[PDB]
Each structure stands twice: as structure tokens, then as C-alpha cells.
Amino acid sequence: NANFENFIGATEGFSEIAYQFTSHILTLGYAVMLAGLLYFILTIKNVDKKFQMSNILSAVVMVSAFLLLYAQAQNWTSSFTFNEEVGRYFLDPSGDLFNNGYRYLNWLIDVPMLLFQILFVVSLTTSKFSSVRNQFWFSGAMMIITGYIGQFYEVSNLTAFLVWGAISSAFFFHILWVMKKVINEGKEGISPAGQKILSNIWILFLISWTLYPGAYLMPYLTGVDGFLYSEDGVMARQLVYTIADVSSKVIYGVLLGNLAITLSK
């Protein structure tokens, strides 16, 4: 499937470093998700019943993430193979080829649940649960779908690639706007400690989620002839994605659990 990983792998190839590093950073990804899974399971008892749906959604996200990131990892290593002559790893015809599908599926599943789960920890004031939920779920699904559409043109048609990226961005923008409202309403009438944690959650959410569109554009951030437009851009992209995954899923989940506990007090 015509993507950048495959482009680079089929033309320049990947240095030992780029291929080993990338492989290791992916393994950390799914490793951390597994640890996260066990954490959210074990600690579920630490929060009042009325918050436990958040912990549950954390656990489920962990399952999803671990399975698909693990599959992704195996895909990476399988797709590229070493050539003694040039001393680099090249896209392997006997392999399945690298597939972004695993990640974009993970997003499709995880995005709704991550947005949903905060609604079980914080209380809204003037907004309706059902309104916020539907707005999250819709825009979350649209954002990933348009992104996925765009990813097809990454190499083929960099114009459409960006256009769909921008449409995706629009939906992203809508999500941020709703989450801002949720968090602000969540703060009213809770302890300053809780407000502290909600402030932190916002920042983590804002940064961690923005990493994704960053890694999506990563290869072209230096132009077509740029440094990033290479195995290094693949390296960077996958690193950032992995940093975003851990942040947006595990750390996000941890913080919500901590918020829940202060609200039990």
C-alpha cells in the first residue's frame, strides 16, 4: 500500500540504526500498553463506583492499543529485510508490506473512548451529556476517516494528502473546542486540587493529540528535498506517534484516575 515507509524502504532503504531504532520504539509502545492494561485493571478498586467506567474505558483502550501496536510492530520488522551488498534494509517483495491500517484502526476505536471516558469523572454544568458525547463521537470518527482517506495520497498526490489533512484538522479543531468546554465545566464546584489535575489534563490532551497531525506531516516539514523527507522522517514520525500514544492513552488515563480519587474525597 503506497505509503512513505514503503517509498523510502523501496528506494533509499533503511540504515541498520533507523530500522533497529524504529523497531524498538514500536515494541516499547505495545509493551507500555500492556503494563498500562495491568495497572488500570489492578487499580480499578481505588476509585468510587461512580467513576469506574473511566477506568474500564482505559483498560479497553489498553487492550485495543496493545493488540494493534503489537501487530504494527511485527508488520514493521516483517516488511523490510537486510541486503548484504548495500548493507541496508529494503522493502521485501516476499513480505506483506508496511500497513498504516493497524494504527488508523486503533485511532478509530480509541479516539471515541478516550473522549467519552472523561464524561464519567467530571460533571458538566450547563451542557448535556448526550450532546457532548455525540459531538465527540461524530467529529472523532470523521477526523480519523478523513485522515485515513488522505494517507492514501501521501506519496501519490501530496496536494490531496494535505487537503484531506486539513479537513481532518477542522474536525480535530471541533473536538478541542468541546473538550475545552467539558474541562471548564468540570472545574466548577470541585476542590482546587481537582481543578489542578483538570488543568494538567487539558495541557496533556492539547499537546499529546497535536503530536499526531505533527507526525502525520513529519516527512514534509522540511519540504520535498528536506532532511526529514527520508528514513529520518520515518524515524521521527514513529517516535512521535509512540510518544503521543503513551501520553494520550496511558498518562491521560492515569490523570483521570487521580482526578476521580480527589472527587471521592
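Quick note: we count residues from 1 along the sequence shown, nothing fancier. Here the rigid core means the biggest group of C-alpha atoms that line up within 1.5 Å when the two forms are laid on top of each other.
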Outlying stretch relative to shown form, 224-232 versus 197-205 in 6 other deposited structures of this protein, C-alpha RMS (core)
224-232
Averaging the C-alpha B factors as listed in the entry, name the stretch that ends up higher: 79-87 or 97-105.
79-87
Of 186-194 and 88-96, the stretch whose C-alpha atoms average the higher B-factor in the entry:
88-96
In this PDB entry, which of 136, 161, 129, 172 has the top CA B-factor?
161
What third of the chain, by the recorded C-alpha B-factor, contains residue 229?
highest
Where the record places residue 220 (Cα B-factor, split into thirds across the chain):
highest
Among the modelled residues of its chain, does the C-alpha B-factor of residue 264 lie in the lowest, middle or highest third?
highest
Taking the values exactly as deposited, rank residue 251 by C-alpha B-factor within its chain and report the matching third: lowest, middle or highest.
lowest
Lowest, middle or highest third - CA B-factor, residue 237:
middle
